[PDB]
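Reading through the structure tokens given below for one structure.
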Amino acid sequence: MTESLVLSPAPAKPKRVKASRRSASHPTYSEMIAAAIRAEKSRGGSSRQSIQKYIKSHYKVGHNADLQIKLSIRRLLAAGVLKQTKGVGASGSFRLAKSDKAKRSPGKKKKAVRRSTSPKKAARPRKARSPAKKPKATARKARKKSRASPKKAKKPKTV
Amino acid sequence: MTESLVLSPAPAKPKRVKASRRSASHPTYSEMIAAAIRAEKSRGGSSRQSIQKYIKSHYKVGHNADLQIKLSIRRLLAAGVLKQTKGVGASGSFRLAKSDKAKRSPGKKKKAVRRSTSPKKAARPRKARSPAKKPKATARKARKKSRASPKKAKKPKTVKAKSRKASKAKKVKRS
Amino acid sequence: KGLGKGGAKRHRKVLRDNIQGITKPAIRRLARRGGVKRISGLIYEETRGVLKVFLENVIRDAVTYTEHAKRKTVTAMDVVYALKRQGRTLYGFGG
Amino acid sequence: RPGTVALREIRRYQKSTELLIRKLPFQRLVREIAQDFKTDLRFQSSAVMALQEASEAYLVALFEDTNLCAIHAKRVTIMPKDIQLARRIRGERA
Amino acid sequence: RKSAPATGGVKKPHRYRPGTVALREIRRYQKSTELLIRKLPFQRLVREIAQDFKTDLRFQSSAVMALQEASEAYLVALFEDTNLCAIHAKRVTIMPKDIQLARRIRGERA
């Protein structure tokens, strides 16, 4: 009767933006986590806060859906839909059984880099040497943004 | 094979017409199957000849595809995304796990469309059959750059937005 | 004086034999005699209470047999009888 | 290194045949308990050793029972919980 | 209070949850005196065991009742100690780990 009574807030708050809109489709409280956890950048999975910010966009109500996220994830776990690796440092573990990686794999997995210290190390020994003065990474946009790829700095310059 | 003798003289020719970030190009071998399945609309999945015809478009691995495609498909089944349906009338299912799974869903089918990554592909049949005006999709910024929040996803194309910024009622009236 | 190894003297008190009843090492060795690896620390207070109850029960029986014998001396036989009555029945020495 | 010689202590203490509690504190301990019940009680050399041996063996038996309580709770230490449970299950507590 | 086993409904969070009827059963079974296990199946058990011990042996109602009543009390007392073993771990389910520990502490099996 949960599909007739407590669902009645759905033809009220989701009625505004969440529907079978031909311009752009929207979830139906059963296909939400896919957009969050497949168009994903994380390496060990999504987290509670991550899926929260991913799924709040206009149509999301959240009146009591904070409970229904966990309840539906546990229902899908009982049904056998998702697969997860244990972790504590990561705030979450929600993922899918992806085709790229086998179910059997060793614990060690690759490395990464950020290169955020490179702009600062462009000036740190530049202090030791003569030409040390005001920032000059990408001209005035270095002061404006402090991080710009060649094309990302070219485009505003020509525009 | 990843960097062995098979692909030691190989990479020179890809530099000509391979997958380039400029506009759209030939999908990588790891993703041509996914693109073909997304293009296919069959509820029961794509058959063997259906997959072959769908990836036959332009340059491909068709020289050794007869074994390469089957080996890759078995590799992905060993992981678990490709779910299959049982039968003999259809050559094969090879379905991509896209919607909610493990539910019965007895004979339920509706006109469906997604938002996550479909729009870039879905803007192509618009070119194929009937031209556009941009009342569909998510602007040119979606296909120009993937990592874009809605602000810069919308603002380069149209300056007219909802009550959050300016007033889109005029564009809505003008259709 | 100082906290560490002082010049004159260190480590302990001189007054004795009126507030005693604590043996910290002995509980460790008995715990090791029980085959354990760690003791969890806060067991000295409990073991002393556990110890006192055990001796209270046997001595109560032992002093009860002593009163019947009409003497001020507590002997091994009475101690054995007290343990035997309650089921401990320490064989030990009885002859 | 922590806990290494604890295993070594098992080998020595389980083939040694001696008493671990200090005898002189135990000698004054039996007098204090007995004095409250009745006054002017004279002890004997055999009485002290007989009383001490039963108490030490009782502790060793109790500690072994608490050892099985630690492994039951995925533990290596004897918390006061182990002793309390062992006394109740064995029926010695009441 | 409606159950409705049919497809409609996603059940309820509180439908005599595991242990709640137990909380009802503990009150009922600790409020009256009775023999819990079956009588006749236990009677056959006593007769069968004694048959191997002794080829011929007769029985009376008082004898079998005393054996059954003592066995039920022995089992109930064991369960109380075994549950106390269960509470040692952060669990409310009696497991073979607890029964081994409880028996070994007592004179049984050790």
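Residues are referred to by chain and number: the chain letter is A, B, ... according to the order shown in the structure tokens, the number counts from 1 in that chain, and ligands are numbered separately from 1 in the order shown.
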
**Request:** Identify, with DSSP run on backbone atoms, the residues in chain B assigned to helix (DSSP H, G or I), and express the list as an MDAnalysis selection string.
**Result:** chainID B and resid 5:7 10:12 14:17 29:39 48:55 65:79 118:128 139:144 150:154 169:174

Take the residues from that selection and put them in a file with C-alpha atoms, as a PDB file, in the first residue's frame.
```
ATOM      1  CA  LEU B   5      55.684  -7.479 -31.338  1.00  0.00           C
ATOM      2  CA  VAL B   6      52.038  -7.435 -32.453  1.00  0.00           C
ATOM      3  CA  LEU B   7      51.678  -3.764 -31.478  1.00  0.00           C
ATOM      4  CA  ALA B  10      51.049  -1.137 -35.118  1.00  0.00           C
ATOM      5  CA  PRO B  11      50.637   2.283 -33.426  1.00  0.00           C
ATOM      6  CA  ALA B  12      51.939   4.314 -36.393  1.00  0.00           C
ATOM      7  CA  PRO B  14      46.335   4.808 -35.490  1.00  0.00           C
ATOM      8  CA  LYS B  15      47.963   8.264 -35.357  1.00  0.00           C
ATOM      9  CA  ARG B  16      46.127   9.060 -38.597  1.00  0.00           C
ATOM     10  CA  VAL B  17      42.441   8.293 -38.018  1.00  0.00           C
ATOM     11  CA  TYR B  29      38.268  -1.634 -28.714  1.00  0.00           C
ATOM     12  CA  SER B  30      37.318  -1.855 -25.028  1.00  0.00           C
ATOM     13  CA  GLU B  31      34.283   0.381 -25.620  1.00  0.00           C
ATOM     14  CA  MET B  32      33.011  -0.476 -29.117  1.00  0.00           C
ATOM     15  CA  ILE B  33      30.977  -3.341 -27.642  1.00  0.00           C
ATOM     16  CA  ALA B  34      29.407  -1.029 -25.055  1.00  0.00           C
ATOM     17  CA  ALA B  35      28.653   1.595 -27.706  1.00  0.00           C
ATOM     18  CA  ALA B  36      27.051  -0.992 -30.003  1.00  0.00           C
ATOM     19  CA  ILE B  37      24.918  -2.413 -27.191  1.00  0.00           C
ATOM     20  CA  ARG B  38      23.809   1.089 -26.184  1.00  0.00           C
ATOM     21  CA  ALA B  39      22.895   1.797 -29.813  1.00  0.00           C
ATOM     22  CA  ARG B  48      26.067 -12.477 -32.784  1.00  0.00           C
ATOM     23  CA  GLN B  49      25.415 -11.129 -36.279  1.00  0.00           C
ATOM     24  CA  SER B  50      23.770  -8.051 -34.758  1.00  0.00           C
ATOM     25  CA  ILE B  51      26.928  -7.264 -32.763  1.00  0.00           C
ATOM     26  CA  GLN B  52      29.148  -7.942 -35.774  1.00  0.00           C
ATOM     27  CA  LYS B  53      27.088  -5.700 -38.064  1.00  0.00           C
ATOM     28  CA  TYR B  54      26.939  -2.952 -35.435  1.00  0.00           C
ATOM     29  CA  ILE B  55      30.719  -2.864 -34.948  1.00  0.00           C
ATOM     30  CA  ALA B  65      37.513 -10.469 -34.817  1.00  0.00           C
ATOM     31  CA  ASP B  66      36.276 -14.061 -35.211  1.00  0.00           C
ATOM     32  CA  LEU B  67      38.326 -15.027 -32.151  1.00  0.00           C
ATOM     33  CA  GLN B  68      39.030 -11.636 -30.555  1.00  0.00           C
ATOM     34  CA  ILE B  69      35.375 -10.698 -30.013  1.00  0.00           C
ATOM     35  CA  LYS B  70      34.483 -14.074 -28.500  1.00  0.00           C
ATOM     36  CA  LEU B  71      37.543 -14.063 -26.229  1.00  0.00           C
ATOM     37  CA  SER B  72      36.732 -10.533 -25.047  1.00  0.00           C
ATOM     38  CA  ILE B  73      33.082 -11.445 -24.464  1.00  0.00           C
ATOM     39  CA  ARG B  74      34.139 -14.453 -22.373  1.00  0.00           C
ATOM     40  CA  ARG B  75      36.530 -12.229 -20.420  1.00  0.00           C
ATOM     41  CA  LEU B  76      33.692  -9.833 -19.587  1.00  0.00           C
ATOM     42  CA  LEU B  77      31.334 -12.686 -18.656  1.00  0.00           C
ATOM     43  CA  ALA B  78      34.001 -13.944 -16.255  1.00  0.00           C
ATOM     44  CA  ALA B  79      33.521 -10.580 -14.495  1.00  0.00           C
ATOM     45  CA  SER B 118      23.316   8.485 -23.700  1.00  0.00           C
ATOM     46  CA  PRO B 119      22.948  12.119 -24.992  1.00  0.00           C
ATOM     47  CA  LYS B 120      26.239  12.101 -26.918  1.00  0.00           C
ATOM     48  CA  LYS B 121      25.152   8.992 -28.833  1.00  0.00           C
ATOM     49  CA  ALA B 122      21.483  10.044 -29.015  1.00  0.00           C
ATOM     50  CA  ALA B 123      22.380  13.312 -30.758  1.00  0.00           C
ATOM     51  CA  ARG B 124      23.592  11.196 -33.714  1.00  0.00           C
ATOM     52  CA  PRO B 125      20.267   9.648 -34.875  1.00  0.00           C
ATOM     53  CA  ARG B 126      18.956  13.213 -34.792  1.00  0.00           C
ATOM     54  CA  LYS B 127      21.498  13.965 -37.515  1.00  0.00           C
ATOM     55  CA  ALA B 128      20.664  10.656 -39.207  1.00  0.00           C
ATOM     56  CA  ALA B 139      23.621  21.419 -25.006  1.00  0.00           C
ATOM     57  CA  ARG B 140      26.817  21.363 -27.061  1.00  0.00           C
ATOM     58  CA  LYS B 141      28.943  21.595 -23.910  1.00  0.00           C
ATOM     59  CA  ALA B 142      27.960  18.038 -22.958  1.00  0.00           C
ATOM     60  CA  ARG B 143      29.572  16.674 -26.123  1.00  0.00           C
ATOM     61  CA  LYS B 144      32.425  19.203 -26.066  1.00  0.00           C
ATOM     62  CA  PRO B 150      25.411  22.379 -14.977  1.00  0.00           C
ATOM     63  CA  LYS B 151      26.546  26.017 -14.768  1.00  0.00           C
ATOM     64  CA  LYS B 152      29.136  25.800 -17.557  1.00  0.00           C
ATOM     65  CA  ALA B 153      27.157  22.965 -19.127  1.00  0.00           C
ATOM     66  CA  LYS B 154      24.339  25.419 -19.872  1.00  0.00           C
ATOM     67  CA  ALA B 169      10.062  32.155 -19.571  1.00  0.00           C
ATOM     68  CA  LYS B 170      10.712  34.124 -22.770  1.00  0.00           C
ATOM     69  CA  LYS B 171      12.562  31.223 -24.406  1.00  0.00           C
ATOM     70  CA  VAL B 172       9.851  28.827 -23.214  1.00  0.00           C
ATOM     71  CA  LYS B 173       7.224  31.062 -24.833  1.00  0.00           C
ATOM     72  CA  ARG B 174       9.271  31.262 -28.047  1.00  0.00           C
TER      73      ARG B 174
END
```

**Prompt:** Near residue 138 in chain A, within 9 Å and counting only C-alpha atoms, which residues show up once chain neighbours fewer than 5 positions away are dropped, as a ChimeraX atom specification?
**Reply:** /A:143,146-148,150,153

**Item:** Minimum-distance residue to residue 21 in chain D, chosen among D:75, D:91, D:81, D:54 (using only C-alpha atoms)
**Value:** D:54

List every residue of chain C that has an atom at most 7 Å from any atom of chain D, giving for each one its closest atom pair and the distance in Å to one decimal, counting only C-alpha atoms, sorted by chain and then by ascending residue number, as JSON lines.
```
{"residue": "C:21", "atom": "CA", "partner": "D:25", "partner_atom": "CA", "distance": 6.5}
{"residue": "C:26", "atom": "CA", "partner": "D:21", "partner_atom": "CA", "distance": 5.2}
{"residue": "C:29", "atom": "CA", "partner": "D:20", "partner_atom": "CA", "distance": 6.7}
{"residue": "C:30", "atom": "CA", "partner": "D:60", "partner_atom": "CA", "distance": 6.0}
{"residue": "C:31", "atom": "CA", "partner": "D:63", "partner_atom": "CA", "distance": 5.9}
{"residue": "C:32", "atom": "CA", "partner": "D:10", "partner_atom": "CA", "distance": 5.9}
{"residue": "C:33", "atom": "CA", "partner": "D:13", "partner_atom": "CA", "distance": 5.8}
{"residue": "C:34", "atom": "CA", "partner": "D:64", "partner_atom": "CA", "distance": 4.7}
{"residue": "C:35", "atom": "CA", "partner": "D:10", "partner_atom": "CA", "distance": 6.1}
{"residue": "C:36", "atom": "CA", "partner": "D:67", "partner_atom": "CA", "distance": 6.3}
{"residue": "C:37", "atom": "CA", "partner": "D:6", "partner_atom": "CA", "distance": 5.7}
{"residue": "C:38", "atom": "CA", "partner": "D:77", "partner_atom": "CA", "distance": 4.6}
{"residue": "C:39", "atom": "CA", "partner": "D:77", "partner_atom": "CA", "distance": 5.1}
{"residue": "C:40", "atom": "CA", "partner": "D:77", "partner_atom": "CA", "distance": 5.1}
{"residue": "C:43", "atom": "CA", "partner": "D:80", "partner_atom": "CA", "distance": 6.0}
{"residue": "C:56", "atom": "CA", "partner": "D:33", "partner_atom": "CA", "distance": 6.5}
{"residue": "C:59", "atom": "CA", "partner": "D:34", "partner_atom": "CA", "distance": 6.4}
{"residue": "C:72", "atom": "CA", "partner": "D:41", "partner_atom": "CA", "distance": 5.0}
{"residue": "C:73", "atom": "CA", "partner": "D:42", "partner_atom": "CA", "distance": 4.7}
{"residue": "C:74", "atom": "CA", "partner": "D:43", "partner_atom": "CA", "distance": 5.1}
{"residue": "C:75", "atom": "CA", "partner": "D:47", "partner_atom": "CA", "distance": 5.3}
{"residue": "C:76", "atom": "CA", "partner": "D:47", "partner_atom": "CA", "distance": 4.5}
{"residue": "C:79", "atom": "CA", "partner": "D:47", "partner_atom": "CA", "distance": 6.6}
{"residue": "C:90", "atom": "CA", "partner": "D:54", "partner_atom": "CA", "distance": 6.6}
```

**Item:** Within 8 Å of residue 25 in chain A using only C-alpha atoms, minus same-chain residues under 5 positions, as JSON, numbers by chain
**Value:** {"A": [18, 19, 20], "B": [113, 114, 115]}

Output file for the residues above (C-alpha atoms, as an mmCIF file, in the first residue's frame):
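result-v3.cif, freshly written:
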```cif
data_model
loop_
_atom_site.group_PDB
_atom_site.id
_atom_site.type_symbol
_atom_site.label_atom_id
_atom_site.label_comp_id
_atom_site.auth_asym_id
_atom_site.auth_seq_id
_atom_site.Cartn_x
_atom_site.Cartn_y
_atom_site.Cartn_z
ATOM 1 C CA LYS A 18 10.706 14.112 -12.171
ATOM 2 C CA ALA A 19 8.590 12.460 -14.870
ATOM 3 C CA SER A 20 8.825 10.837 -18.289
ATOM 4 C CA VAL B 113 15.868 7.068 -22.506
ATOM 5 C CA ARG B 114 18.710 7.880 -20.114
ATOM 6 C CA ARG B 115 20.768 10.933 -19.181
#
```

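Here CA of residue 27 in chain C is placed at a distance of 9.2 Å from CA of residue 48 in chain C.
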
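Across the model, the gap from CA of residue 91 in chain A to CA of residue 47 in chain A is 5.2 Å.
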